[PDB]
2 protein chains.
Amino acid sequence: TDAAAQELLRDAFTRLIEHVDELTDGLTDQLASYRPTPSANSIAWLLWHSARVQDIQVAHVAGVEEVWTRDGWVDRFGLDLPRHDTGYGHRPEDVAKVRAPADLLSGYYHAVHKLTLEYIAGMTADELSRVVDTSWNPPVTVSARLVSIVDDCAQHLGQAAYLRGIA
Amino acid sequence: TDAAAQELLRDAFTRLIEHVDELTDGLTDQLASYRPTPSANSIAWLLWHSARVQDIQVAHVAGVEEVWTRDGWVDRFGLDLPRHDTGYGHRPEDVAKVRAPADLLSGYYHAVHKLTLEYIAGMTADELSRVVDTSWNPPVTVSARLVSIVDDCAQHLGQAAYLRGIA
Ligand SMILES: CC(=O)N[C@@H](CS)C(=O)N[C@H]1[C@@H](O[C@@H]2[C@H](O)[C@H](O)[C@@H](O)[C@H](O)[C@H]2O)O[C@H](CO)[C@@H](O)[C@@H]1O
Ligand SMILES: CC(=O)N[C@@H](CS)C(=O)N[C@H]1[C@@H](O[C@@H]2[C@H](O)[C@H](O)[C@@H](O)[C@H](O)[C@H]2O)O[C@H](CO)[C@@H](O)[C@@H]1O
Ligand SMILES: [Zn+2]
Ligand SMILES: [Zn+2]
Ligand SMILES: [Zn+2]
Ligand SMILES: [Zn+2]
């Protein structure tokens, strides 16, 4: 009885990592860092921020360590940003710090996707209704948190696709 | 036992209509029709196309009429485009034909949202596994079709929010 919700989640998150593959395909350093205005986000920022949001929030509900630190991606990126920064609330001067090659942007997201698939494989209705304690009143259910991740990441991955065109 | 999958879908589609409300606040015709480059999509196009894709694809799987025609939104818009056009495959000159006030862009999407929630409210595991395209490889199920809609619409609504910020 849990297969239907598991499949919806697996498919939705798969669409995200598929987009990462399209966006990083042939993605150069210049194009990845391009910003149409000094306050706009770059492709590199959108890929990094999406992966961070998914990693930190999936790891939170799964009760495990984020891939970012567990496998040393934070050190491979070497960003001049706090160690657990996700990009939420960044100012333009923070956006400019997000500099990483396409293969690192893709490798990190693929590791986040593997973590995500592992968590979804054990999804139950009971887990989807579990309340998740966060600092943001109100708490939310696992289901709402997962939907929030897909919605945020799909929006940003869409923005990155639009950027590749308008550049 | 269908509640969990119904809730994932209800929540995901609700996020989309919330984005529509944010995007149409303060959306003048100059802003709605703005294209950052001569060929780029406008906010109006992104709102209209997202609603059209969701309407036509949900109406198809649900076996009901699209609200675009059922309630005469197509006539209120009065676009110089075919009656059933969704914008898929539009050329730059076709994108320019999508012009409508924010109130109509929002009103149509809200009608599409209502239709979508009505279909979700009856959704079952058996329906989610029903094959809607036997010719594709792999064959397309209702579940995958719905995920495709959320993913396309979330991407485009994200693009619209990005454009609003760079205008
Ligand atoms: C889909 C989405 O927007 N999700 C949220 C939640 S995680 C988000 O990511 N906000 C960050 C994003 O804001 C962007 C900013 O507002 C632009 O003006 C707007 O045109 C974009 O559309 C919007 O993305 O980048 C900023 C740094 O440049 C950060 O300060 C923001 O926190
Ligand atoms: C998220 C997504 O792209 N979904 C597809 C399937 S529905 C879609 O909407 N394609 C239409 C879209 O293409 C855009 C175009 O390629 C840009 O270069 C790219 O930068 C954008 O990201 C992309 O959206 O606008 C065109 C009219 O301007 C139409 O010809 C296309 O059919
Ligand atoms: Zn720490
Ligand atoms: Zn975000
Ligand atoms: Zn017709
Ligand atoms: Zn589309």
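All heavy atoms count here, side chains included; hydrogens, waters and symmetry mates do not. By convention in this document, chain letters (A, B, ...) are assigned in the order of the sequence lines, proteins followed by strands, and residues within each chain are numbered from 1. Counting starts at 1 for both ligands and their atoms, following the listed order.
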Starting from the N and O atoms of ligand 1, collect every protein N/O partner closer than 3.5 Å and put each pair on its own line with the distance to 0.1 Å.
{"residue": "ligand 1", "atom": "4 (N)", "partner": "A/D152", "partner atom": "OD1", "Å": "2.5"}
{"residue": "ligand 1", "atom": "4 (N)", "partner": "A/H156", "partner atom": "NE2", "Å": "3.4"}
{"residue": "ligand 1", "atom": "9 (O)", "partner": "A/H49", "partner atom": "NE2", "Å": "3.2"}
{"residue": "ligand 1", "atom": "9 (O)", "partner": "A/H156", "partner atom": "NE2", "Å": "3.0"}
{"residue": "ligand 1", "atom": "20 (O)", "partner": "B/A161", "partner atom": "O", "Å": "2.9"}
{"residue": "ligand 1", "atom": "22 (O)", "partner": "A/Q159", "partner atom": "NE2", "Å": "3.1"}
{"residue": "ligand 1", "atom": "25 (O)", "partner": "A/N41", "partner atom": "OD1", "Å": "2.9"}
{"residue": "ligand 1", "atom": "28 (O)", "partner": "A/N41", "partner atom": "OD1", "Å": "3.4"}
{"residue": "ligand 1", "atom": "28 (O)", "partner": "A/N41", "partner atom": "ND2", "Å": "2.6"}
{"residue": "ligand 1", "atom": "30 (O)", "partner": "A/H90", "partner atom": "N", "Å": "3.2"}
{"residue": "ligand 1", "atom": "30 (O)", "partner": "A/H90", "partner atom": "O", "Å": "2.7"}
{"residue": "ligand 1", "atom": "32 (O)", "partner": "A/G89", "partner atom": "N", "Å": "2.8"}

Inset, instruction - Answer with yes or no whether the side chains of A/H60 and A/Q57 bring together a donor and an acceptor at under 3.5 Å. - result: no
Inset, instruction - Pick out which of B/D152, B/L146, B/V147 makes a side-chain contact (heavy atoms from CB on, under 4.5 Å) with B/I149. - result: B/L146
Legend entry - side-chain hydrogen bond (donor to acceptor under 3.5 Å, both in side chains), paired with B/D85, selected from B/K97, B/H90, B/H49, B/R52: B/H90
Inset, instruction - Side-chain contact test, heavy atoms from C-beta onward, threshold under 4.5 Å: evaluate it for B/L128 versus B/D2 and give yes or no. - result: no
Inset, instruction - May I have the step-by-step check of ring pair (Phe, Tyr, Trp, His ring centres under 6.0 Å) for B/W68 and B/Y108, ending in yes or no? - result: CA-CA 7 Å; B/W68 184 236; B/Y108 174 47; 4.7 Å; yes
Inset, instruction - For residues B/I166 and B/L163, determine if any side-chain heavy atom of one lies less than 4.5 Å from a side-chain heavy atom of the other. - result: yes
Inset, instruction - Please indicate how many protein N/O/S atoms are found closer than 2.8 Å to the Zn ion (ligand 3), with waters neither displayed nor included. - result: 1
Legend entry - CD (B/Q30) with more than 12 external heavy atoms under 6.0 Å: no
Inset, instruction - Look at the side chain of A/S129 and the backbone N and O of A/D126, then say whether any donor-acceptor pair between them is shorter than 3.5 Å. - result: yes
Legend entry - Closest non-hydrogen atom pair, A/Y34 against A/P36: OH-CA, 3.6 Å
